[PDB]
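When you line the sequence shown up against the authors' numbering, it's residues -9 to 400, in that order. Worksheet for the structure shown next.
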Amino acid sequence: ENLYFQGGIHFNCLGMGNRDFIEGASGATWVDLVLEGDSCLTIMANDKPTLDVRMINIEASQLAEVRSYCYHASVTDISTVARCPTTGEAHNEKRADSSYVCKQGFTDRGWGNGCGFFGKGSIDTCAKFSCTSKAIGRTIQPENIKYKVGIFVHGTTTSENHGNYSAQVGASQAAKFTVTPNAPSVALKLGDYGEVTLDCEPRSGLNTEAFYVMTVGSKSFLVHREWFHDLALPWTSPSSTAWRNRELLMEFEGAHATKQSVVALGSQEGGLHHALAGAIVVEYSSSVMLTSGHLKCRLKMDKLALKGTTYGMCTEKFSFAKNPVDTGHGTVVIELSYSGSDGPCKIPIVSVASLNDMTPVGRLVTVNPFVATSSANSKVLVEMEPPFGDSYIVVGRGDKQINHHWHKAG
């Protein structure tokens, strides 16, 4: 696919409002995760590159109609047949046309309006019903659900490309894969970092017998099933193609002598949206429905390796392309510019408590940061967790070395 000319996706964590950090046991082969749809996980493990994993969305396909409800009807071609008192029931011939809704009644008759006898004359009034606009309720089967999950390895990035999916796939540093009930475990390679396996239990986060997907006009919703069954609207189903309870959208008004008007209610769409005010909204424009939720998984990392743990250290001078800023997640991010051209090469960077005391404090989130190109003045983003209080970010070695002060409150 041409990702370079497709829309971006949220596939990693920096900049997102909701972010959780996960620390995997040192040496452990697996880490247990719950992907929540509005959030993002950063996974850090000793001797492992750092990962972002996040659910992108949940898709359902091939949904089956259960019932359709008319919410806006047209009512046309009204007629009334009437009879005199004592002559029995009126029968309008449109009773033979399944498209018509008919109702019997009575009107006052006498000499004055054409009857030899005084009393109640039978009338029968029919009108053609058609559905102008209908809402549709559908079921999802679990086999037709797909979870799209993004993964990102904290390799070399820049402030410009860090969140760009086509750039990180280009760098072999991101990927997007699909777990389903029938295929709930997936292995993918991550460039020079080996592979991971996502071993998930999709069925545990599914409740497809609890709801219907209901489309109303331009919106679709997840609705409680019994609420859907008791809607007071005309309906059809696959096993019952003709509209039943069509009178619900019709008003047979007061009859006089031999005439009676029948009108349609206005659209019931707005009433429906009102009733659905607090219901889950889902995207259901195409044949595919998109929603969000939870997915429990185990992330396997025994085949996940460090990359370039054998490059040489960068030898030339760095500078701060962007001075450190708090990410809002308890971490600090910088962007470095590297003047050298021996790249790719490892960035010497540490937090120390003072320049007297060059003892490493804190730690990197972008573990093993590296310049990835021989181009001079390239950029590398580095995310880190300094300690509380005063420390200095120290980049490079010797007298090439630069530092920036930082203070973390608390």
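No residue lacks a Cβ here, since even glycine has one placed at the ideal position from N, Cα and C.
Query - Stretch pair the stretch 39 to 48 + the stretch 279 to 293: three plus CB contacts closer than 8 Å - result: With contact defined as three or more Cβ pairs closer than 8 Å, the stretch 39 to 48 and the stretch 279 to 293 are in contact.
**Report entry** Close beta carbons around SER16, own chain, < 8 Å, minus the five adjacent residues each side
**Finding:** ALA35, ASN36, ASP37
Requested in this report: With a cut-off of 8 Å on the beta carbons, I'd call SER341 and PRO377 a contact; round off their distance for me.
Outcome: 7 Å
Query raised in the report: Taking one C-beta from the stretch 297 to 306 and one from the stretch 335 to 353 each time, how about it: are there three or more such pairs within less than 8 Å?
Result: yes
Query raised in the report: Tell me which same chain residues have a C-beta within less than 6 Å of the C-beta of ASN235, skipping the five on either side of it?
Result: So the qualifying residues of the chain are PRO224.
Query raised in the report: Can you find at least 3 beta carbon pairs, one from the stretch 145 to 155 and one from the stretch 361 to 373, that sit closer than 8 Å?
Result: yes
Query raised in the report: In three-state terms, what does DSSP make of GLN158?
Result: helix
Query raised in the report: Using the beta-carbon count (16 or more within 10 Å), is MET291 buried or exposed?
Result: buried
Query - Sequence-distant residues of the same chain with beta carbon closer than 8 Å to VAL253, five excluded per side - result: Its chain contains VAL65, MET240, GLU241, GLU243 as the residues whose beta carbon lies nearer than 8 Å to that of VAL253, once the 5 sequence neighbours on both sides are disregarded; these appear in chain order.
Query raised in the report: Is the beta carbon of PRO359 within less than 7 Å of some heavy atom of the ligand GDP?
Result: For the structure depicted, the ligand GDP is absent and the ligand set is empty, with no information on it obtainable.
Requested in this report: Would you kindly report the start and end of the unbroken alpha helix (DSSP H) that includes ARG215?
Outcome: 215 to 219
**Report entry** C-alpha distance - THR76 paired with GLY104, whole-angstrom precision
**Finding:** 13 Å
Requested in this report: Please go through the same chain and pick out, in chain order, the residues whose beta-carbon is closer than 6 Å to the beta-carbon of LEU196, but skip the five residues on each side of it.
Outcome: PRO132
**Report entry** Span of the beta strand (DSSP E) around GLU49
**Finding:** 41 to 50
Report task. Just the C-alpha distance for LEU(-7) and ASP28, rounded to the nearest angstrom, thanks. Result -> 23 Å
Query raised in the report: Is DSSP giving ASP182 helix, strand or coil here?
Result: helix
Report task. Rounded to whole angstroms, what's the CA-CA distance from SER156 to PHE(-5)? Just pull it up for me. Result -> 9 Å
Report task. Give the secondary structure of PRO192 by DSSP, where H, G and I count as helix, E and B as strand, and everything else as coil. Result -> In this structure, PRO192 counts as helix in the three-state DSSP scheme.
Query raised in the report: Are three or more beta carbon pairs between the stretch 110 to 118 and the stretch 173 to 185 nearer than 8 Å?
Result: Taking 8 Å as the limit for Cβ pairs, the verdict is that the stretch 173 to 185 does not touch the stretch 110 to 118.
Report task. Let me know if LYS110 comes out buried or exposed under the rule of 16 or more other beta-carbons within 10 Å of its beta-carbon. Result -> By the neighbour-count rule (16 or more Cβ atoms within 10 Å), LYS110 is not buried but exposed.
Query raised in the report: Going by the beta-carbon positions, is the gap between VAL24 and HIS284 smaller than 8 Å?
Result: yes
Query raised in the report: Once you ignore the five residues that flank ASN2 on each side, which residues in its own chain have a CB closer than 6 Å to its CB?
Result: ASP42, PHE142, listed in sequence order.
Query - C-beta contact flag for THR129 and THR248 at 8 Å - result: no
**Report entry** Candidates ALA164, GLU273, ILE68, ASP10, of which the one nearest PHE211 by Cα
**Finding:** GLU273
Query - Helix, strand or coil at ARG85 [DSSP, three-state] - result: helix
Requested in this report: Pick out the complete alpha helix (DSSP H) segments inside the stretch 65 to 124, 4 residues or longer, and give them in chain order.
Outcome: none
Requested in this report: Tell me whether the beta-carbon of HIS214 lies closer than 8 Å to the beta-carbon of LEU4.
Outcome: Contact: no.
Query raised in the report: Taking DSSP as the reference, what is the three-state secondary structure of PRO350?
Result: strand
Query - Cα-Cα separation between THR299 and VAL357, rounded to whole angstroms - result: 11 Å
Report task. Taking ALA343 as part of the beta strand (DSSP E), name the residues at either end of that continuous run. Result -> No beta strand (DSSP E) holds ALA343; DSSP gives it neither H nor E.
Report task. Measure the beta-carbon distance from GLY207 to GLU259 and round it to whole angstroms, keeping in mind my assumption that it falls under 8 Å. Result -> 5 Å
Query - Three-state secondary structure assigned by DSSP to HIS397 - result: strand
**Report entry** Reference residue 402, options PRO314, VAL203, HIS219, closest by Cα
**Finding:** This structure cannot settle anything about residue 402, because the visible part of the chain is limited to -9 through 400.
Requested in this report: Buried or exposed for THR205, please, with buried defined as at least 16 other CB atoms from any protein chain shown within 10 angstroms of its CB.
Outcome: buried
Query - Sequence-distant residues of the same chain with beta carbon closer than 6 Å to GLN94, five excluded per side - result: Cβ within range, chain order: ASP114.
Report task. Return the chain-ordered list of same chain residues with a C-beta closer than 7 Å to the C-beta of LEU262, the five sequence neighbours on each side being excluded. Result -> So the qualifying residues of the chain are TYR61, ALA125, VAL206.
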